[PDB]
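Trainee: Partial complex follows, first chain(s) only, in situ:
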Amino acid sequence: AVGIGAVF
C-alpha cells in the first residue's frame, strides 16, 4: 500500500 512508484 506504500512505497511503490509508477511509470507510464
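Mentor: Ah, there it is. Residues are numbered from 1 along each chain as shown, chains lettered A, B, ... in the order given.
Trainee: count of neighbours near residue A:8?
Mentor: 2 (other CB atoms under 10 Å). The C-beta positions use only the backbone N, C-alpha and C, and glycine is treated the same way.
Trainee: Show the contacting residues for it.
Mentor: With CB atoms under 8 Å, 6 or more residues apart in numbering as the criterion, no residue contacts residue A:8.
Trainee: try residue A:7
Mentor: Contacts for residue A:7 (CB under 8 Å, 6+ apart) come out as none.
Trainee: what residue is smack in the middle of chain A?
Mentor: Of all residues in chain A, the one closest to the mean position by CA atoms, centre = their mean is residue A:5, 2.1 Å from it.
Trainee: Point me to the residue sitting farthest from the middle of chain A.
Mentor: Farthest-out residue of chain A from its mean C-alpha position, per CA atoms, centre = their mean: residue A:8, at 10.9 Å.
Trainee: Around residue A:4, count how many other residues there are.
Mentor: Other residues lying near residue A:4 total 5 when counted by other CB under 10 Å.
Trainee: mind adding chain B? sequence follows:
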Amino acid sequence: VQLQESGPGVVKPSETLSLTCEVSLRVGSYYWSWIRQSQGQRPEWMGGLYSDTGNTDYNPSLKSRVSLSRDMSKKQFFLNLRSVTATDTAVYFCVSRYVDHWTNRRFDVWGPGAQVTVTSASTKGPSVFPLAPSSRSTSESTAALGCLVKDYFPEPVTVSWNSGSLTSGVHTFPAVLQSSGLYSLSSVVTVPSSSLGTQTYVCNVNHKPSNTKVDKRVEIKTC
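Mentor: Okay, here's chain B dropped in alongside the others:
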C-alpha cells in the same frame, strides 16, 4: 533495470556507515529502499524514498541514525547510517519497487547486496586450538574431535583435515563475529574411535588475507 551497492565493507564502531546504489535505467517515479539482513535473521527495511521528490520514510527502530537521499542526474541513491555498533553488521540491499501502469507489471529489483562489518579490528591471522576427544568417550564406537579457530579478521578462513585426505564426516561451522570484533568458528569431524592412537589428525587453517596458515595436531588427552 539493475541495482548495485557500493562502499566500504568495514566500518569502525561509532563511525558512519555510507553506501551508494548505482541504479540502471522511462517517465515516472520509483520507490528506492535500503533493506538489510544480518546472518541468521530476517530482512529489516531501513527506509525508502520516492525518486521524484526525495521524501523519505524511516523505520522507527533507526530514525535518528539513518539518512537516505538520491541524485537523479547520477542515477544514484545513498544510505548513511550514523554511530554504528557491531549489531549493524549486515548485508545491505538497495531495492526498487514500482508498477508499470501501461503493462500492469509490478517490478521488484534488488541489488546483489553489500556485506558491511562493524569492528575496530585490523587484518589478523587466526589462532587455532584443538578440540580433543575426551578420554572417557572411548566407550562408544564413534569419536569426535575438532579445532577452534578464532581471533582472525577478515573472512574467510578455509579449514581442511590431514591436508585434504580426510573429508568424510567433516563439519565446518559458519564464522561468527565475536564481541572482540574478530571471528571465531569450530571445525569438527567424526572418526572411528578405534583409529584413535593409530591415525594422526591435523586441521589445516588457511587465512589468505593475512597470508597465514596454521596447522594443529589433535590428539586425545591420556591421563
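Trainee: In light of the added chain B, please revisit the contacts of residue A:7.
Mentor: Residues counted as contacts of residue A:7 (CB atoms under 8 Å, 6 or more residues apart in numbering or on different chains) are B:26, B:27, B:28, B:29, B:30, B:98, B:99, B:100, B:101, B:102.
Trainee: Also residue B:69?
Mentor: Taking CB under 8 Å, 6+ apart, we find residue B:69 in contact with B:49, B:54, B:77, B:78.
Trainee: Could you pick out the residues of chain A near chain B for me?
Mentor: A:2, A:3, A:4, A:5, A:6, A:7, A:8 (CB under 8 Å from any CB of the partner chain).
Trainee: Residue B:97 sits in which helix or strand?
Mentor: Using DSSP states H and E, residue B:97 maps to strand B:90-100.
Trainee: In that strand, which residues are buried?
Mentor: Using 16 or more other CB atoms under 10 Å in any protein chain shown as the test for burial, strand B:90-100 gives B:90, B:91, B:92, B:93, B:94, B:95, B:96, B:97, B:98, B:99.
Trainee: same check, this time on stretch B:180-199
Mentor: So, applying 16+ other CB under 10 Å, buried residues of stretch B:180-199: B:181, B:182, B:183, B:184, B:185, B:186, B:187, B:188, B:189, B:191, B:193, B:196.
Trainee: Chain C comes next; put it on the structure above:
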Amino acid sequence: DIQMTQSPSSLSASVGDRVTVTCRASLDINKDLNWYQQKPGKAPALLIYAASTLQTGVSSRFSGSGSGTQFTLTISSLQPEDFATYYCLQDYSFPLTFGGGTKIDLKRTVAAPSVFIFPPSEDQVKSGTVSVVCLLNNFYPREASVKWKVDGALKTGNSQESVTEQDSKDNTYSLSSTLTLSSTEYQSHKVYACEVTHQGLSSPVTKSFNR
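Mentor: With chain C added, the chains above now look like this:
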C-alpha cells in the same frame, strides 16, 4: 508497527509434496502481503504480491491466499530448487516488516543428534579466554534446543550457536553451542553440562565434564 509471525520456522518436505507456509499479521493488512524466496548468498526474489498475484517469471506451482491477518503460501509440487528460506512481507503500512522466515528442506528419517562436549585445552586456558564447545552431530529435523548447566545451575546468555547447512550426503544438520569465558571465570566453576532436546530423543541427553 505491524509484525508478521511466520510459521513454521522450518518445514520438512519431499520432492513432489504439496507444502504450506503461513504468515500472521498483528493488525489487519488487507491483501498487502508479499512472498519471497531466498537462497543463500542471494537477494530475496518476489514470488507473490498482493496476497495472490503471481510475479512474472515465477513458476505456477507457487500460489498465495488469505486476507486480513492470515495468509498462506502453497508450493503445489515441490522440486529440488524450492529448498530455500521463504519470507512474507507486509507493505500495508510503514515500516515494511518481514516475517521470521521458513526454511523448507529435504525430508529424511528422524536422526537423533550425537552429543559431544569439549573442555578447553590447557593451551587456551593459558591465553586468558577459553571456549567450551557442545556439539550436536548429524541430526534431523533442524529442531534443536541446547541448555547449559554449570554446577547444577541453568545458565543463560554467553552461549552462541552455529549450524551447518543441510548436509548434501546424508541430509543432516550439525550444531555447535559455544561458551566464551575468561580463564578466571572458567575456573570459578567445576562442572559444565550441555543438555540437548530433540524429537529423536525420548528424554534429554546431558554430556558434562569436571574441570
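Trainee: please look at the neighbour count of residue A:8 again, because chain C has been put in.
Mentor: By other CB atoms under 10 Å in any protein chain shown, 8 other residues sit near residue A:8.
Trainee: how close does it sit to residue B:95?
Mentor: From residue A:8 across to residue B:95, the span is 21 Å (CB to CB, to the nearest Å).
Trainee: one step back: skipping its backbone neighbours, what lies nearest the residue nearest to the centre of chain A in space?
Mentor: residue B:98 (3.3 Å; CB to CB, 6 or more residues apart in numbering or on different chains).
Trainee: Roughly how far does that neighbour sit from residue B:108?
Mentor: The value you get for residue B:98 to residue B:108, if CB to CB is used, is 9 Å.
Trainee: What's the first helix or strand after the helix or strand where residue C:47 lies?
Mentor: According to DSSP H and E, residue C:47 maps onto strand C:45-49. Following strand C:45-49 in sequence order, the next helix or strand is strand C:53-54 (DSSP H and E).
Trainee: Parallel or antiparallel, list what pairs with that following strand.
Mentor: Sheet pairing here is set by DSSP bridges, and for strand C:53-54 it gives strand C:45-49 (antiparallel).
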